Amino acid sequence: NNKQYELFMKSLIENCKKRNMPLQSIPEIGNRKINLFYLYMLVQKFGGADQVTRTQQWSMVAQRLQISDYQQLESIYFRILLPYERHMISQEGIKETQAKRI
């Protein structure tokens, strides 16, 4: 699962580059390569950053990547790949990501 990164990564990148580089550099929070989809996989509890970015569930994300900075979290969620994260949860078009099993 060492490639799993380059996979979801390419997705996020297309966003950072399409969102006008909302970072200008990966906010490498923790002590190594970012684990966006990781702490993000936890935000799922809410599904919508803007809702989780100011709640308790955030403590889960924020406190999972040893950052304890809920603000950096939505920086992750929103400032790196808001759309993507909030995309592959509700449906994402059920014709691109999940594509109804396919």
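Each residue of the sequence shown is one higher than the last, beginning at 3 in the authors' numbering.
We treat Cβ as the ideally placed atom computed from N, Cα and C, and that holds for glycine.
What distance in whole Å lies between the Cβ atoms of residue j and residue i, which are believed to be in contact at a cut-off of 8 Å?
i, j, result
"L67", "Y86", "Not a contact, Cβ separation roughly 17 Å."
"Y79", "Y42", "6 Å"
"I82", "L25", "6 Å"
For residue i, does the three-state DSSP call read helix, strand or coil?
i, result
"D71", "coil"
"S92", "coil"
"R21", "coil"
"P85", "helix"
"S77", "helix"
Measuring straight from C-alpha to C-alpha, what distance separates residue i and residue j?
i, j, result
"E30", "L75", "12 Å"
"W60", "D52", "10 Å"
"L44", "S77", "15 Å"
"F10", "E16", "10 Å"
"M23", "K35", "17 Å"
Give a yes or no on whether the C-beta atoms belonging to residue i and residue j are separated by under 8 Å.
i, j, result
"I91", "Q46", "yes"
"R88", "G32", "no"
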